[PDB]
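Following: one structure in structure tokens, then a few remarks.
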Amino acid sequence: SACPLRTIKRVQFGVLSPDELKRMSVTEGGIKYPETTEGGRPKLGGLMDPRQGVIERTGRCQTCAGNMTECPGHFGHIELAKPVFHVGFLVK
Amino acid sequence: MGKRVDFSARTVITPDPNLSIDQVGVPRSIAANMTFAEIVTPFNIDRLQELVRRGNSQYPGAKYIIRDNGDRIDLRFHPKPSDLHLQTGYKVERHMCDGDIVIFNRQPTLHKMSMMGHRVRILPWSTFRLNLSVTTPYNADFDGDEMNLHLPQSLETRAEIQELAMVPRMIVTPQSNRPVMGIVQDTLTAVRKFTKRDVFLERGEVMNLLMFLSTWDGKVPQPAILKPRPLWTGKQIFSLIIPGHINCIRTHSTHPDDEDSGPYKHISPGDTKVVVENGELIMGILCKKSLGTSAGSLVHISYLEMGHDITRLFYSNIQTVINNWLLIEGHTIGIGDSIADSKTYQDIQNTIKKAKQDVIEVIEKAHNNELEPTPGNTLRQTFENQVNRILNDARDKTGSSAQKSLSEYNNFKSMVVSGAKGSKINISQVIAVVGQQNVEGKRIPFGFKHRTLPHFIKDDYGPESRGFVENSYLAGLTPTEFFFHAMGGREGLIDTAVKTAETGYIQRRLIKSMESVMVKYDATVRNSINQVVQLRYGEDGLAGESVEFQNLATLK
Amino acid sequence: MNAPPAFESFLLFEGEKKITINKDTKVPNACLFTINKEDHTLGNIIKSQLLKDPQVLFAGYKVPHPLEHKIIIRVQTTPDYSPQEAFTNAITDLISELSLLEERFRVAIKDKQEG
Amino acid sequence: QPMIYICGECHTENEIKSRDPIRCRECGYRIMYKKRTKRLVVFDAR
Amino acid sequence: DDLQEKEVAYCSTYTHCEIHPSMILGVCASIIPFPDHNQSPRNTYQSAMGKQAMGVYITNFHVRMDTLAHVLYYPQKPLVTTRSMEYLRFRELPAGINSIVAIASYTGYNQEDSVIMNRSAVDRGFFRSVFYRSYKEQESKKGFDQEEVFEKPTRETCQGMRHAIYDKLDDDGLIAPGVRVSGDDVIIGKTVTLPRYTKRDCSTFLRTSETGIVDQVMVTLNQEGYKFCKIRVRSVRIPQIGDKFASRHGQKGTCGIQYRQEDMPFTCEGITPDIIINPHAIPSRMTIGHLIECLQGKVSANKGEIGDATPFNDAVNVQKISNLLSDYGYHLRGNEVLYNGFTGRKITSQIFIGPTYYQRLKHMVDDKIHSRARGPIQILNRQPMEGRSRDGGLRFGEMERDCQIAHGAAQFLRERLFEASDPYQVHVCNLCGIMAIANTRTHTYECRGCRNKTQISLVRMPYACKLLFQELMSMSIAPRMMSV
Amino acid sequence: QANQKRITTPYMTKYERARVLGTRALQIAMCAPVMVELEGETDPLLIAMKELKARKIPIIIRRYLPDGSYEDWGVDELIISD
Amino acid sequence: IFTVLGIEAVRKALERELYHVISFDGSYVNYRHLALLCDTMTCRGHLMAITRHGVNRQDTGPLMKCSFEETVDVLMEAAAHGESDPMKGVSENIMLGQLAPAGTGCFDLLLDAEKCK
Amino acid sequence: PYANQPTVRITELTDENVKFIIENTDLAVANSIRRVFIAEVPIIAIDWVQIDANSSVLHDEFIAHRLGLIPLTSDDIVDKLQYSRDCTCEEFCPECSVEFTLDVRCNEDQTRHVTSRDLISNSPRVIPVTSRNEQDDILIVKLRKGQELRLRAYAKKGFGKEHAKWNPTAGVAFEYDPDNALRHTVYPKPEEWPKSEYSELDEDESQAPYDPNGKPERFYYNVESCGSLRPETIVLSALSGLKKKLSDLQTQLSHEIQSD
Amino acid sequence: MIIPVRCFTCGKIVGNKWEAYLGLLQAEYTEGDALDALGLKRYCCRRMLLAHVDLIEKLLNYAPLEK
RNA sequence: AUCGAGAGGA
Ligand SMILES: [Mg+2]
Ligand SMILES: [Zn+2]
Ligand SMILES: [Zn+2]
Ligand SMILES: [Zn+2]
Ligand SMILES: [Zn+2]
Ligand SMILES: [Zn+2]
């Protein structure tokens, strides 16, 4: 709450580099379990990450201890086995 | 670029002549549901306290107390006496009250007049009440239409809406330097009948009409006739309705073209040539061409001379006073208005038969190879063109005969000369002849093998076969004419239902092309990138709502 | 859902007075009478009887909104007269006329039945 | 306490309870309607 | 008639004849009286609008538990009828009332396709109707983990309990026929065993702002063999301001105002019209059939007959109607001398009056009014919901933002698109420009990318923009928010 | 830019008037001192309108020219068109 | 007309043809609107059609172009080329939930300390 | 400056309607009397229905509304009864309401017509008009074998300004100047218009010659009664009610003047 | 469905004239003659009787739900 | 509650 209130006067685009994605991704080691949850409790490395955000109401995100509203989505990553063509940047 | 918005409502709209043009009637339920956040001050502390004690149950109350710390008190259920108390830093979301500024909107929103600011007037029943003159900018009516009412939640938003988007300020469009609002059906017919030379109002009638004049000094004008009985004319009352000292010279819809040439130019035998001097209607009968949306009309001159508030009171006074006079005069429509005379019927028949004989002559000439084609057209092209010319001449002549047959008491003619509704073509189709039914710009096609319908013979280019509705609406159409008219109406519906997508795409493309173009503080017109497009807006540097048509005296 | 109660048109709300006297500033010897829960039934007769008075310069009535249930009557009288007195005299004369009409109607009814 | 329903075919006033099959004893119909309430509901002729 | 020998022979070799020209019409087009005197778009509008007319949709409506059903109180067969309606069976099941219609300008509340209904007639039953709504509910035993049961919920056991009153049910979880149920009221008590203990309330409430009465309820078993309930709730809808009505010639309008009998105009005899329509509706639409139907209705009411409005029939014309009307002591053109109800003075222009068949369209304002003030919001984006049924707000779309742009109301545009729609804030790293992991409780702001804890700023922006930027990030685009 | 010269129009615009009235109304509603003698007024909109008509508004308009510079105008230094 | 005479000649031709279309039926539109549209269609030295192929090819801003048309395509172009948005437009600030530099937002307000006396 | 001196003249007086002419009065007074005829004459009508049972084809609203439309004898008990608003008792009492009771079961094969005769009241003087000792009884509902109606009703006091069921008139015919002497109505073609019932003209003439110094006098009336009151009672009660309203207005005006 | 108690326009009773009107119709009376016999002078009440369809008789064919 | 479809109103 102590972050000063500022307005964005410039929006610079770009391609998210793999190193930046790996560094900023909240999950460590990437997603390797394809299932959502086991026995109700969310899987620590699966898609229903406890670190990527909050699941249901009256719950707090592991990374930032935020509720349904005050918790922005935290970003994850997946370490691909081999490089993959990007269809949007295919002509590029 | 578009999303669902809180603090909005939608209901069917309903006419209300008793509301000002800037006023909208809101059902009490909508006002009870909506709220506005008012900051507590020592000025309004007592009223805000009364509202919170009243609560969400009674309509003039509130359901939320917003403390400065942030927590909200919900007064809907079990209001605790301890937290009912409020301080200066607090704000309370009170229910919508009369005089609140709301922006009214009708979809589709085409121009900027499609959204105007209105003042709330709480009314018993459950519809959005809107003044009849504010309809035209909204392109509204009351056959099930609905409008959206957005309620600004902040003081700056309310102030900016009040200072920019108020209905009085939206009278004149920069699109065509003309008023977007004017006088509508009932008041227009009533003012046409009211401003006639032979309208005389008694003492009680004049006083009753004056009870409905907001900008009245309280002095009864000297009657235009003192003996043998005091009488006031309609032009006198409308002169006192007219605001300020605006001057205007207009023309009525029945003004002859030779009146300004020969004598009696300044003394009109037909009471045309509307002249307003020092705010006084000296002479003339008013209509659409003097109280409508045309440039240079009375309402336009009023807006240019006086202010938007004065023009708003002008509109309201016109509507209310002449509605209350219509309460005495009356206006109807019925069968008797659709009947011509026996001689007129005879004239119609003559015009028809002669036209049928002429078309038969063309058909015979074509069958005898005696029709030399006109240059630039094929023989069937020339044949059809002249057949349609004969039929159109017959229809125009029979319409003129119907117009001549129309009397001064005819309600069709009344609503047409007033400009309220209808037209010469509508009168002609009702009385004399509906006319030729055309599909894709040509006559009815041969849907069958060289036949329009199986009731005709092959290769029959007569008017009846190709869709010339010989009868009128009053007489009734023969079944083949009924089918052909159904085809014409279907074509009209097809065009109406088809053109909308293309028009909307065109509008969206234009706005997305020009949306960032703005007039800068160096009086230049620049886009978002700051690339200049016009050193001076419109090459002169003027807005579109302040210019007017003029005449250059040294050119001709 | 927002249908007003049927009796709202004549039943006086608590704390709301039936009549109210306000003075017109634009012209002298003029006053505005605002009567709640009344309509044309009383407005027209009061206006006509005020129009009878030779010392009433102006007499007019209006209903500001058919949804509302109040009438406004404007009376302007001679400098030696008062709009309040004009209203009172008009009401008294209407009362007398109604009493006379009722008595005469009862007499005519009795005569018609008795033959 | 009986909570009598009314059959849709033979209109027999039969009593049912919870955890019991929805059937009519007289005719075996599977459709029945609930009896009108006994509360004093008030209507204003208007 | 086309087979008779004439002075000029047109065809003289006919091979077939039509039984009757009116057979070219359909079912909703044969109801139109005098369709050959109308403009074709009006005929099409009436053909579409008759399906919306309100009457007795079926004789056995007491047993049909339809979701929606409007039934008129006092349907009447038209005084002016077409011969096809006999086979259409519209006489047996009519969908309107013959109304005394005065085409006049009165107080200005009938302007622009609006009607003035006689209030006293409405109090007598004029166009009164009943609205039927049915609610379905079944208990599903698909799995032992969660099973539903019809029972009366109590606050000491159920979790999902609202503020509504649950005392209106019996011990079977069902409401009884003949109970006044208002908005947000419980009619089906259903509790599902939990996996505020061991049962979650799943009751079915009444529709918003209804205040109806439970007509009848039906308990049965469905195909799967479980209990099935259907509840019909009855509401009476008196005609009021904002209700849509139409003639049989494409003349639709809403109820502008309702004047009492003493306020309406009246003839020499005490005939106050039930409906007043504006004269301006006719010349633009050229519905001469409307006026002819009114004239024939007056004639038929005076003569004690049902008029013949077969489309193509030379036997009956307007003039004959006039003659017949004049034979009954009325003006041949149907005009009457009306007296102002407020003042009692004669109206200078004689007013057209007569019986005209009218319909009450299913368009009741009570189902169109809706207002929103901070209600529920969606889950994908924190924007207001959709549809009055879900208490959703109105859409301030692209054209609305366009007009506000032309206005120049920047603060109002911001209030509509950001403040009143989806206010949201997010912390952004000043260097990378990516949303930062910031904890409000402990005020420890971090950015795993740049590994900084000081150059973090707070920016306020709509949740939709946050979702769009996160979607672009998931699409490998890096939209960097630079506030320097 | 020297204060001795300015190139913008001396007339307040409708947008400037609307925003000045709204901002001053919010300030008044947030307990700010008033620059006019309030006869009986109690609503911020008309209080701000009275202050504007009195030319006693404590607000400075920063008119940003496209070149990047700005000219500061007091509300009392601008002709009120309406 | 453009290719034979020039950008100014095509500006005049566009104005006259659009006026023909508008006023063929008798309706009237103020000349400034037509002139502004024609200059917008012409100021960049070539006939910029009012479509995606004309509007999006101007360097107005990737967010403006994504609002208009070809949202994904223009966003990928901006990402691959490292474009930046000056936020000088109106739709960009609307997208970001900020005061658009339009009308009331075209200036800034400062508190007059001296006048507060 | 004073009041008129009106005169009445009754041409026809039956048990259903009254015909009378009022002379030497103003149009405002005549129209006000007509309006009071329609809307400001208190009569007794049912306004409280408690349906114990109803197996008929018409729903409870339908039944209640039809019962409320049934007129009742209000000739003399209407004055003694007071509005429930002003009554100091509970919801109902003998001095502010009239009790009613309906109990019909159809057990025969023939369709049973529940008419107004089945309405039984505690007050002997307040009965349905068709039950008074010709015209048949008003049909409330039809019942077949099994269907049964059980209800209780209360009849209150009100005027037509509240609901049309308290309106005691079956039509108030009003007319002045049968020959258009004052030119209040302008006939585009006078010969097309039939002469009024009270017209005094020859067949060769359509309307009376214009009278420039004339005002509406000789107002004609035809007050048809719905049976709640005799027409003479209707006219008398309306005149008394208009007088009473003017009197209350006078009292309020005097109080307001004294307050100033 | 059933005959209204009162005429909509003027409020005169017409709910006690349906059976008599049907009897007159079965007694070979013309519809207008029957209307005159029942004293329906105004065309509003004449409409109220002449345009009435009686659906209560059709509804009475179906058996009652409760016996 | 989500998606999709259909019917509609201006
Ligand atoms: Mg519409
Ligand atoms: Zn989180
Ligand atoms: Zn059974
Ligand atoms: Zn960072
Ligand atoms: Zn009592
Ligand atoms: Zn009647």
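If you're wondering about the labels, chains in the structure tokens are A, B, ... by order shown, residues count from 1 in each chain, ligands from 1 in order shown.
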### Task
Identify, counting only C-alpha atoms (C1' of nucleotides) and all ligand atoms, the protein, DNA and RNA residues located within 6 Å of ligand 4, and give them as a list in words.
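Residues lying within 6 Å of ligand 4: residues 429, 431, 432, 433, 434, 447, 449 and 450 of chain E.
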#### Entry: Contacts of residue A:1 within 12 Å, only C-alpha atoms (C1' of nucleotides), excl. fewer than 5 positions in-chain, as a list in words
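Skipping anything fewer than 5 positions along the chain leaves residues 70 of chain A; 425, 426, 427, 438, 439, 440, 441, 442, 443, 444, 445, 456, 457, 458 and 459 of chain E.
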Output N, CA, C and O atoms of each residue in that selection to a file, as a PDB file, in the first residue's frame.
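Wrote it out as selection.pdb, contents follow:
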ATOM      1  N   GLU A  70      -7.698  -8.943  -3.673  1.00  0.00           N
ATOM      2  CA  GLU A  70      -6.392  -8.314  -3.513  1.00  0.00           C
ATOM      3  C   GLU A  70      -5.241  -9.189  -3.989  1.00  0.00           C
ATOM      4  O   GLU A  70      -4.080  -8.805  -3.812  1.00  0.00           O
TER       5      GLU A  70
ATOM      6  N   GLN E 425      -6.424  -2.144  -8.874  1.00  0.00           N
ATOM      7  CA  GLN E 425      -5.080  -1.606  -8.743  1.00  0.00           C
ATOM      8  C   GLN E 425      -4.085  -2.754  -8.711  1.00  0.00           C
ATOM      9  O   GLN E 425      -4.417  -3.874  -8.316  1.00  0.00           O
ATOM     10  N   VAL E 426      -2.856  -2.465  -9.135  1.00  0.00           N
ATOM     11  CA  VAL E 426      -1.813  -3.479  -9.223  1.00  0.00           C
ATOM     12  C   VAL E 426      -0.463  -2.794  -9.070  1.00  0.00           C
ATOM     13  O   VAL E 426      -0.272  -1.657  -9.507  1.00  0.00           O
ATOM     14  N   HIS E 427       0.471  -3.490  -8.430  1.00  0.00           N
ATOM     15  CA  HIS E 427       1.830  -2.998  -8.267  1.00  0.00           C
ATOM     16  C   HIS E 427       2.674  -3.410  -9.466  1.00  0.00           C
ATOM     17  O   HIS E 427       2.624  -4.564  -9.902  1.00  0.00           O
ATOM     18  N   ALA E 438       3.402  -8.220  -4.547  1.00  0.00           N
ATOM     19  CA  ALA E 438       3.396  -7.294  -3.424  1.00  0.00           C
ATOM     20  C   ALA E 438       2.379  -7.752  -2.394  1.00  0.00           C
ATOM     21  O   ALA E 438       1.224  -8.024  -2.736  1.00  0.00           O
ATOM     22  N   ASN E 439       2.806  -7.827  -1.138  1.00  0.00           N
ATOM     23  CA  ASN E 439       1.943  -8.224  -0.037  1.00  0.00           C
ATOM     24  C   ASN E 439       1.480  -6.953   0.662  1.00  0.00           C
ATOM     25  O   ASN E 439       2.301  -6.105   1.023  1.00  0.00           O
ATOM     26  N   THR E 440       0.167  -6.823   0.844  1.00  0.00           N
ATOM     27  CA  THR E 440      -0.380  -5.640   1.499  1.00  0.00           C
ATOM     28  C   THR E 440      -0.179  -5.690   3.010  1.00  0.00           C
ATOM     29  O   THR E 440       0.120  -4.665   3.634  1.00  0.00           O
ATOM     30  N   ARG E 441      -0.331  -6.874   3.611  1.00  0.00           N
ATOM     31  CA  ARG E 441      -0.269  -6.988   5.064  1.00  0.00           C
ATOM     32  C   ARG E 441       1.117  -6.645   5.598  1.00  0.00           C
ATOM     33  O   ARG E 441       1.241  -5.933   6.602  1.00  0.00           O
ATOM     34  N   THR E 442       2.170  -7.134   4.944  1.00  0.00           N
ATOM     35  CA  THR E 442       3.533  -6.914   5.407  1.00  0.00           C
ATOM     36  C   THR E 442       4.289  -5.875   4.589  1.00  0.00           C
ATOM     37  O   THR E 442       5.426  -5.544   4.943  1.00  0.00           O
ATOM     38  N   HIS E 443       3.690  -5.359   3.515  1.00  0.00           N
ATOM     39  CA  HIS E 443       4.274  -4.285   2.707  1.00  0.00           C
ATOM     40  C   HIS E 443       5.631  -4.671   2.124  1.00  0.00           C
ATOM     41  O   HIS E 443       6.504  -3.818   1.944  1.00  0.00           O
ATOM     42  N   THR E 444       5.824  -5.952   1.822  1.00  0.00           N
ATOM     43  CA  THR E 444       7.048  -6.435   1.194  1.00  0.00           C
ATOM     44  C   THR E 444       6.768  -6.677  -0.285  1.00  0.00           C
ATOM     45  O   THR E 444       6.159  -7.687  -0.653  1.00  0.00           O
ATOM     46  N   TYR E 445       7.220  -5.756  -1.129  1.00  0.00           N
ATOM     47  CA  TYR E 445       6.991  -5.822  -2.565  1.00  0.00           C
ATOM     48  C   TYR E 445       8.226  -6.390  -3.249  1.00  0.00           C
ATOM     49  O   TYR E 445       9.347  -5.937  -2.994  1.00  0.00           O
ATOM     50  N   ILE E 456       9.184  -0.339  -7.033  1.00  0.00           N
ATOM     51  CA  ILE E 456       7.851  -0.880  -7.271  1.00  0.00           C
ATOM     52  C   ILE E 456       6.844   0.241  -7.065  1.00  0.00           C
ATOM     53  O   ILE E 456       6.861   0.914  -6.029  1.00  0.00           O
ATOM     54  N   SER E 457       5.969   0.437  -8.046  1.00  0.00           N
ATOM     55  CA  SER E 457       4.963   1.485  -8.001  1.00  0.00           C
ATOM     56  C   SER E 457       3.571   0.878  -8.115  1.00  0.00           C
ATOM     57  O   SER E 457       3.396  -0.248  -8.584  1.00  0.00           O
ATOM     58  N   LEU E 458       2.578   1.647  -7.682  1.00  0.00           N
ATOM     59  CA  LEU E 458       1.183   1.234  -7.706  1.00  0.00           C
ATOM     60  C   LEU E 458       0.450   1.991  -8.804  1.00  0.00           C
ATOM     61  O   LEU E 458       0.537   3.221  -8.878  1.00  0.00           O
ATOM     62  N   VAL E 459      -0.265   1.259  -9.650  1.00  0.00           N
ATOM     63  CA  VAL E 459      -1.029   1.840 -10.745  1.00  0.00           C
ATOM     64  C   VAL E 459      -2.459   1.326 -10.666  1.00  0.00           C
ATOM     65  O   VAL E 459      -2.688   0.138 -10.416  1.00  0.00           O
TER      66      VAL E 459
END
### Query
Do you know which residues are within 6 Å of ligand 5 using only C-alpha atoms (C1' of nucleotides) and all ligand atoms? Can you write them as an MDAnalysis selection string?
chainID H and resid 84 87 89 92:93 95:96
### Message
Let's see if you can do this: from backbone DSSP, list all strand (DSSP E or B) residues in stretch 106-213 of chain H, as a PyMOL selection string.
### Response
chain H and resi 112-115+120-121+128+139-143+148-158+169-175
### Query
Got a sec to check which residues lie within 7 Å of ligand 3, using only C-alpha atoms (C1' of nucleotides) and all ligand atoms, and send them as a PyMOL selection string?
chain D and resi 7-12+24-29
I need the residues from that last selection saved to file as a PDB file, in the first residue's frame (with C-alpha atoms), if you can.
ATOM      1  CA  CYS D   7     -54.807 -38.111  -6.915  1.00  0.00           C
ATOM      2  CA  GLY D   8     -54.880 -36.763 -10.448  1.00  0.00           C
ATOM      3  CA  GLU D   9     -57.010 -39.570 -11.903  1.00  0.00           C
ATOM      4  CA  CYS D  10     -59.377 -40.837  -9.192  1.00  0.00           C
ATOM      5  CA  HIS D  11     -58.982 -37.832  -6.840  1.00  0.00           C
ATOM      6  CA  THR D  12     -58.784 -40.146  -3.824  1.00  0.00           C
ATOM      7  CA  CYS D  24     -51.929 -43.754  -5.296  1.00  0.00           C
ATOM      8  CA  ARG D  25     -53.419 -46.697  -3.412  1.00  0.00           C
ATOM      9  CA  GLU D  26     -56.756 -46.736  -5.243  1.00  0.00           C
ATOM     10  CA  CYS D  27     -55.602 -46.542  -8.862  1.00  0.00           C
ATOM     11  CA  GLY D  28     -51.797 -46.626  -8.905  1.00  0.00           C
ATOM     12  CA  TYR D  29     -51.443 -43.154 -10.409  1.00  0.00           C
TER      13      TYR D  29
END
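As for atom CA of residue E:115 and atom CA of residue E:284, they are spaced 17.0 Å apart.
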### Message
Would you mind listing, as an MDAnalysis selection string, all residues of chain D that have at least one atom within 7 Å of chain E, where only C-alpha atoms are what counts?
### Response
chainID D and resid 18 22 30:37 46
Would you write out, as JSON lines, a table of all residues in chain H that have an atom no more than 12 Å from an atom of ligand 6, listing for each the closest atom pair and the distance in Å to one decimal, considering only C-alpha atoms and all ligand atoms and ordering rows by chain and rising residue number?
{"residue": "H:169", "atom": "CA", "partner": "ligand 6", "partner_atom_place_in_ligand_line": "1 (Zn)", "distance": 10.8}
{"residue": "H:170", "atom": "CA", "partner": "ligand 6", "partner_atom_place_in_ligand_line": "1 (Zn)", "distance": 7.4}
{"residue": "H:171", "atom": "CA", "partner": "ligand 6", "partner_atom_place_in_ligand_line": "1 (Zn)", "distance": 7.7}
{"residue": "H:172", "atom": "CA", "partner": "ligand 6", "partner_atom_place_in_ligand_line": "1 (Zn)", "distance": 11.2}
{"residue": "H:224", "atom": "CA", "partner": "ligand 6", "partner_atom_place_in_ligand_line": "1 (Zn)", "distance": 11.0}
{"residue": "H:226", "atom": "CA", "partner": "ligand 6", "partner_atom_place_in_ligand_line": "1 (Zn)", "distance": 11.2}
Next, the residues of the selection above should be written as a PDB file, in the first residue's frame with C-alpha atoms.
ATOM      1  CA  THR H 169     -74.109   5.666 -12.204  1.00  0.00           C
ATOM      2  CA  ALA H 170     -74.783   3.550 -15.295  1.00  0.00           C
ATOM      3  CA  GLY H 171     -74.249   6.592 -17.518  1.00  0.00           C
ATOM      4  CA  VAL H 172     -74.561  10.344 -16.968  1.00  0.00           C
ATOM      5  CA  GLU H 224     -78.910   6.209 -14.928  1.00  0.00           C
ATOM      6  CA  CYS H 226     -76.784   0.976 -11.144  1.00  0.00           C
TER       7      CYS H 226
END
### Cut-off 8 Å, only C-alpha atoms (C1' of nucleotides) and all ligand atoms, neighbours of ligand 1 as a list in words
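The distance check yields residues 140, 141, 142, 143, 144 and 145 of chain B; 10 of chain J.
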Could you name the residues that touch residue G:49 at 10 Å or less, counting only C-alpha atoms (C1' of nucleotides), but leaving out those on the same chain fewer than 6 positions away, as a compact mmCIF listing (two decimals) with N, CA, C and O atoms, in the first residue's frame?
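Final file, selection30.txt:
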# COMPACT_ATOMS: atom_id res chain seq x y z
N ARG B 509 -16.06 2.38 -38.80
CA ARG B 509 -14.80 2.68 -39.47
C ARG B 509 -14.49 4.17 -39.44
O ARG B 509 -13.35 4.56 -39.17
N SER B 513 -11.35 5.83 -37.48
CA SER B 513 -10.38 6.61 -38.24
C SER B 513 -10.13 7.98 -37.62
O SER B 513 -8.99 8.44 -37.55
N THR G 40 -8.03 13.91 -43.26
CA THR G 40 -7.58 12.68 -42.60
C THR G 40 -7.29 11.60 -43.63
O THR G 40 -6.32 10.84 -43.50
N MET G 41 -8.11 11.52 -44.67
CA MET G 41 -7.94 10.55 -45.74
C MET G 41 -6.78 10.90 -46.68
O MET G 41 -6.45 10.09 -47.54
N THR G 42 -6.18 12.08 -46.53
CA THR G 42 -5.27 12.61 -47.53
C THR G 42 -3.96 13.15 -46.95
O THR G 42 -2.95 13.15 -47.66
N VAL G 55 -5.98 2.39 -41.93
CA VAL G 55 -5.84 2.96 -40.59
C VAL G 55 -4.70 2.28 -39.84
O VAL G 55 -3.87 2.95 -39.20
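Those protein and nucleic acid residues that have any atom within 7 Å of ligand 2 are, using only C-alpha atoms (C1' of nucleotides) and all ligand atoms, residues 51, 52, 53, 54, 61, 62, 63, 64, 65, 66, 71, 72, 73 and 74 of chain A.
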### Query
Near chain H, which residues of chain I fall within 7 Å when you count only C-alpha atoms, and what do they look like as a VMD selection string?
chain I and resid 5 10 to 13 15 to 17 59 to 60 64 67
